[PDB]
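A.B. asks: Got a structure for you, written out below as structure tokens; questions coming shortly.
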Amino acid sequence: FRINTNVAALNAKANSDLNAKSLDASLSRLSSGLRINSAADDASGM
Amino acid sequence: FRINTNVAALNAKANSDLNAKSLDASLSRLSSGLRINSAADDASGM
Amino acid sequence: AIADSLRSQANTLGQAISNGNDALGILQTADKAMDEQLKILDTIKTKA
Amino acid sequence: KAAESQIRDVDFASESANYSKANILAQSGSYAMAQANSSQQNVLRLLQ
Amino acid sequence: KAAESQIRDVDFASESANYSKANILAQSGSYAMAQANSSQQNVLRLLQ
Amino acid sequence: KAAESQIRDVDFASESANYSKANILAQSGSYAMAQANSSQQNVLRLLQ
């Protein structure tokens, strides 16, 4: 109930950013047509 | 999640342009009927 | 400082892309021009 | 070539599912962020 | 360009949180000042 | 003609990205102006 340090805001922002990362990754895969683009998602597969 | 510097857009544009290049090349081959049109794809072949 | 350096480098690369595309245009022009000289030399040899 | 494709390329079947799922999750998370920011308006009723 | 964006541009996710928080704090502070100015009215009961 | 098109015409690929980005930025800036004009209402609580 103490204001000036909204904690639910920080938590929601962390979760939403962690999800936006995955959305971006899936979009890049959908665009390029390759499952391994940056070769950081699979070392030996590359 | 920061706007004014959309990065997924640039990535998708790069990939799509790289693909349109090959589409154009394949269409030119299909049109002319030769595999080496510009002599830039096989020097010794030419 | 870092952001301005990266902005300068991004702009420079964005212009270098157009430089490379102009070089591509020039080289393609030259090669597609040489094609006809090759065919003409073929014809000359055939006539000889 | 088929064995390489099995390792390298993505299957749009699963890829579009992942993408749409992540998109709906993005909308939900944005609503959650908006409500989290708004969740403190109730304090003013005490102060007023 | 993405590396530059990471340094220069602001993320509205956190920015709108900061803004709304500061706005509620501004309302609270304005109420605090309004009360502080009036906190001395009780002296008049001694004089009257 | 191709070499000229490389210099003169615009690629709708990047152009639509620029346009949509600028449009979202316009909406954000309009919200920012709307809030800036109102950011001074809290003074009236002092005066009242």
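Chains as they are written, first to last, in UniProt numbering: chain A, 3 to 48; chain B, 3 to 48; chain C, 49 to 96; chain D, 529 to 576; chain E, 529 to 576; chain F, 529 to 576.
A virtual CB, placed ideally from N, CA and C, is assigned to each residue, including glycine.
#1: Under 8 Å by Cβ, that's how I've got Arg536/D and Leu32/A pegged, so tell me the actual separation to the nearest angstrom.
#2: Mind checking which residues open and close the alpha helix (DSSP H) that includes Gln569/D?
#3: Which same chain residues, not among the five before or five after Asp44/B, have their C-beta less than 8 Å away from its C-beta?
#4: Using CA coordinates, which residue listed in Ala41/B, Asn6/B, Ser46/B and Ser18/B is at the minimum distance from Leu29/A?
#5: Checking 9 Å against the spacing of the C-beta atoms, do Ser34/B and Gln76/C come in under that value?
#6: Anything in chain I within Cβ reach of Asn13/B, meaning under 7 Å, just list it in chain order.
#7: Quick check on the DSSP output: the alpha helix (DSSP H) that includes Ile535/E runs from which residue to which?
#8: Taking only beta-carbon positions, decide if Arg573/F is within less than 9 Å of chain E.
#9: Give the DSSP bridge partners of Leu36/A, in chain order.
#10: To the nearest angstrom, report how far apart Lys15/A and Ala560/F are at their CA atoms.
#11: Is there a Cβ from chain E that is less than 9 Å from the Cβ of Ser533/F?
#12: In chain order, what residues of the region 15-29 of chain A put their CB closer than 7 Å to some CB of chain D?
#13: Do you know whose CA, among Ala541/F, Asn546/F and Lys549/F, lies nearest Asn21/B's CA?
#14: Counting C-beta neighbours from all protein chains within 10 Å, is the total for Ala42/A 16 or more, i.e. buried, or is it exposed?
#15: Would you tell me roughly how many angstroms separate the C-alpha atoms of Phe3/A and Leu574/D, rounded to the nearest one?
#16: Does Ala545/E get closer than 9 Å to chain B when you measure Cβ to Cβ?
#17: What do you get for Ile92/C, buried or exposed, if any count of 16 or more other CB atoms within 10 angstroms of its CB means buried?
#18: Assuming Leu553/F contacts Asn13/B under a Cβ cut-off of 8 Å, what Cβ separation, rounded to an integer in Å, is found between them?
#19: Around the Cβ of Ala550/E, are there at least 16 other Cβ atoms within 10 angstroms (buried) or fewer (exposed)?
#20: So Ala10/A contacts chain D; which residues on that side make the cut at Cβ distance below 7 Å?
#21: Determine the extent of the alpha helix (DSSP H) in which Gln576/E is found, giving its start and end residues.
#22: Shorter than 9 Å from the beta carbon of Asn39/B to some beta carbon of chain F?
#23: Counting C-beta neighbours from all protein chains within 10 Å, is the total for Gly47/A 16 or more, i.e. buried, or is it exposed?
#24: Quick one: grab the DSSP three-state call for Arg4/B.
#25: Can you name, in chain order, every residue of its own chain whose Cβ lies under 6 Å from the Cβ of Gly62/C, other than the five neighbours on each side?
#26: Examine chain D for any beta-carbon lying closer than 9 Å to the beta-carbon of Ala541/E, and answer yes or no.
#27: Let me know if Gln568/D comes out buried or exposed under the rule of 16 or more other beta-carbons within 10 Å of its beta-carbon.
#28: Taking buried to mean at least 16 other C-beta atoms within 10 Å of its own C-beta, is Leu25/A buried or exposed?
#29: Would you identify the three-state DSSP class for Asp43/B, choosing helix, strand or coil?
C.D. replies: Walking through what the data contain:
#1: By 1-based counting over the fourth sequence, the position of residue 536/D is 8. By 1-based counting over the first sequence, the position of residue 32/A is 30. With 8 Å as the limit, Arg536/D and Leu32/A do not qualify as a contact, their Cβ atoms being about 15 Å apart.
#2: Working through the fourth sequence from its first residue, we reach residue 569/D at position 41. From DSSP, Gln569/D is part of no alpha helix (DSSP H); its letter is neither H nor E.
#3: Position 42 of the second sequence, counting from 1, holds the residue named residue 44/B. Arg37 and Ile38, listed in sequence order.
#4: Position 27 of the first sequence, counting from 1, holds the residue named residue 29/A. Checking every option, the nearest Cα to that of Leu29/A belongs to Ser18/B.
#5: Start at 1 with the first residue of the second sequence, and residue 34/B comes out as number 32. Start at 1 with the first residue of the third sequence, and residue 76/C comes out as number 28. Result no, Cβ atoms of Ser34/B and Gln76/C do not sit closer than 9 Å.
#6: Reference to chain I is not applicable here, since the protein chains of this structure are A, B, C, D, E and F.
#7: Residue mapping note: residue 535/E aligns to position 7 of the fifth sequence, counting from 1. From DSSP, the alpha helix (DSSP H) with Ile535/E extends over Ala530 to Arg536.
#8: Sequence index remark: in the sixth sequence, residue 573/F carries index 45 (1-based). Taking Cβ atoms only, chain E reaches closer than 9 Å to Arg573/F, which makes this a yes.
#9: Taking the first residue of the first sequence as 1, we reach residue 36/A at position 34. DSSP, once it has assigned bridges, lists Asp537/D as partnering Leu36/A.
#10: Sequence index remark: in the first sequence, residue 15/A carries index 13 (1-based). Sequence index remark: in the sixth sequence, residue 560/F carries index 32 (1-based). Looking at the two C-alpha atoms, the distance is approximately 21 Å.
#11: For the purposes of this step, residue 533/F is identified with residue 5 of the sixth sequence, where counting begins at 1. Not closer than 9 Å to any Cβ of chain E, the Cβ of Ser533/F fails to qualify, so no.
#12: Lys15, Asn17, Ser18, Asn21, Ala22, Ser24, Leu25, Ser28 and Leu29
#13: Position 19 of the second sequence, counted from the start, is the residue given in the question as residue 21/B. Here the closest residue by C-alpha is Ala541/F.
#14: Counting from 1 along the first sequence, the entry for residue 42/A is found at position 40. Looking at its Cβ environment, which holds fewer than 16 other Cβ atoms inside 10 Å, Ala42/A is exposed.
#15: By one-based count along the first sequence, residue 3/A stands at place 1. By one-based count along the fourth sequence, residue 574/D stands at place 46. Spanning the two alpha carbons is a distance of roughly 11 Å.
#16: Taking the first residue of the fifth sequence as position 1, residue 545/E is located at position 17. No, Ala545/E does not count as interfacial toward chain B.
#17: Working through the third sequence from its first residue, we reach residue 92/C at position 44. So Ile92/C counts as exposed.
#18: Numbered from 1 along the sixth sequence, position 25 holds the residue referred to as residue 553/F. Numbered from 1 along the second sequence, position 11 holds the residue referred to as residue 13/B. Going by Cβ atoms, the distance from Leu553/F to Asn13/B rounds to 20 Å, so no, they are not a contact pair.
#19: Counted from its first residue, the fifth sequence places residue 550/E at position 22. Burial call: exposed.
#20: Reading the first sequence from its first residue, position 8 is the one you call residue 10/A. The contacting residues are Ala564 and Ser567.
#21: Sequence index remark: in the fifth sequence, residue 576/E carries index 48 (1-based). Segment: none, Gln576/E is in no alpha helix (DSSP H) and carries neither H nor E.
#22: Working through the second sequence from its first residue, we reach residue 39/B at position 37. No - not a single Cβ of chain F is within 9 Å of the one on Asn39/B.
#23: Walking along the first sequence from the start, residue 47/A turns up at place 45. When all chains shown are included, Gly47/A counts as exposed.
#24: Locating residue 4/B in the second sequence gives position 2, counting from the first residue. Three-state result, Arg4/B: coil.
#25: Taking the first residue of the third sequence as position 1, residue 62/C is located at position 14. Taken in chain order, the list of residues that qualify is empty.
#26: As a working mapping, residue 541/E is identified with position 13 in the fifth sequence. Yes, contact with chain D.
#27: Counting from 1 along the fourth sequence, the entry for residue 568/D is found at position 40. So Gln568/D counts as buried.
#28: As a working mapping, residue 25/A is identified with position 23 in the first sequence. Buried.
#29: As a first step, residue 43/B is located in the second sequence; it is residue number 41 there, counting from the start. It is coil, neither helix nor strand.
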